[PDB]
Amino acid sequence: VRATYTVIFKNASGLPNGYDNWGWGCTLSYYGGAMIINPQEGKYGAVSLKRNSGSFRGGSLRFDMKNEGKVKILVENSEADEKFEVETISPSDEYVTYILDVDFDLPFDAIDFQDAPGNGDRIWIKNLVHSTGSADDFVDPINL
């Protein structure tokens, strides 16, 4: 019953440590401690934050986001070549915190953020954290 919290990044100046980006169709920059994703129009660009080793299982994904477009959140097992949609998210001009459950039936070593319309709309992310526990049971280490 002790939830484990894994802080993937708080403020970003570059890719999170222990991670690579295996996505496509995006340019990435970093200001204000945000990971700023700029998808190429037509590509349905995605960032795929892929663990150097290891996997998560179920749990919840917490993160702040602002986004000029709809954003798909997925997770992937890259051995099973299996993807899984977690949620889609409406445009927001300001950062909203999201804590979402991951009902994926396998471990996942990659966490994706995708330009769902393919229109090239920017995405800002901060404070990405995984919990082995539920979203409702999430006690945020970052606000704390």
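Reckoned from all heavy atoms, side chains included, excluding hydrogens, waters and symmetry mates. In this chain, residues are counted from 1 in sequence order.
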query: Between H130 (side chain) and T4 (backbone), is there a donor-acceptor pair under 3.5 Å?
result: no

Nearest heavy atoms of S60 and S134, plus distance in Å: OG-O, 3.3 Å

Donor-acceptor contacts under 3.5 Å from residues 70-84 side chains, at least two apart:
from: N77; atom 1: OD1; to: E79; atom 2: N; distance (Å): 3.3
from: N77; atom 1: OD1; to: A80; atom 2: N; distance (Å): 3.1
from: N77; atom 1: ND2; to: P107; atom 2: O; distance (Å): 2.9
from: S78; atom 1: OG; to: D109; atom 2: OD2; distance (Å): 2.7

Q114 CD to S48 OG distance, which is reported to the nearest 0.5 Å: 10.0 Å

- prompt: OG1/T6 to CZ/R51 distance, rounded to the nearest 0.5 angstrom?
  reply: 7.0 Å

- prompt: Can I37 and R122 be said to form a side chain to side chain contact (heavy atoms under 4.5 Å, CB included), step by step?
  reply: CA-CA 6 Å; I37 313 183; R122 289 105 163 306; over 6 Å; no

task: Test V129 against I8 for side chain to side chain contact (heavy atoms under 4.5 Å, CB included), laying out the working first.
output: CA-CA 5 Å; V129 176; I8 293 152; over 6 Å; no

- prompt: Could you give the distance from CG (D140) to OG1 (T97), rounded to the nearest 0.5 Å?
  reply: 7.0 Å

Donor-acceptor under 3.5 Å (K50 side chain, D112 main chain): no

task: Report, as yes or no, whether the 6.0 Å neighbourhood of atom CG on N52 holds more than 12 heavy atoms from other residues, nucleotides or ligands.
output: yes

task: Kindly give the heavy-atom pair with the smallest separation between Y95 and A34, and that separation in Å.
output: OH-CB, 3.2 Å

field: Which atom of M35 lies closest to which atom of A12, heavy atoms considered
entry: N-CB, 4.1 Å

- prompt: In Å, rounded to the nearest 0.5 Å, how long is the span from CG of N67 to CG of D121?
  reply: 8.5 Å

- prompt: Taking side chain as C-beta onward, heavy atoms only, is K10 less than 4.5 Å from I142?
  reply: yes

task: Provide the closest heavy-atom pair for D101 versus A135 in the form atom of the first, atom of the second, distance.
output: OD1-N, 2.9 Å

- request: Identify the two heavy atoms, one from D105 and one from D103, that lie closest to each other, and give their separation to 0.1 Å.
  value: OD1-O, 3.2 Å

message: For the CZ atom of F56 and the CG atom of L61, what is their distance to the nearest 0.5 Å?
response: 7.5 Å

message: Among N21, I111, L49, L128, exactly one meets side-chain contact (heavy atoms from CB on, under 4.5 Å) together with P16. Which residue is that?
response: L49

message: So, taking the atom named CD1 in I125 and the one named CD1 in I36, what distance separates them when rounded to the nearest 0.5 Å?
response: 10.5 Å

message: Do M65 and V96 have side chains that approach each other closer than 4.5 Å (heavy atoms only, starting at C-beta)?
response: no

query: With hydrophobic residues grouped by side-chain heavy-atom distances under 4.5 Å, do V86 and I99 end up in a single group?
result: no

field: Shortest non-hydrogen contact between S92 and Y98, atoms and distance
entry: CB-OH, 4.5 Å

query: What residue pairs, at least two apart or across chains, pass ring pair (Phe, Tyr, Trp, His ring centres under 6.0 Å) with a residue in residues 5-31?
result: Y5-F138

- request: Considering only NZ, NE, NH1 and NH2 on the basic side and carboxylate oxygens on the acidic side, decide whether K66 and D64 come within less than 4.0 Å.
  value: no

Partners meeting ring-ring contact (aromatic ring centres under 6.0 Å, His included) with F113 (sequence neighbours left out): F63

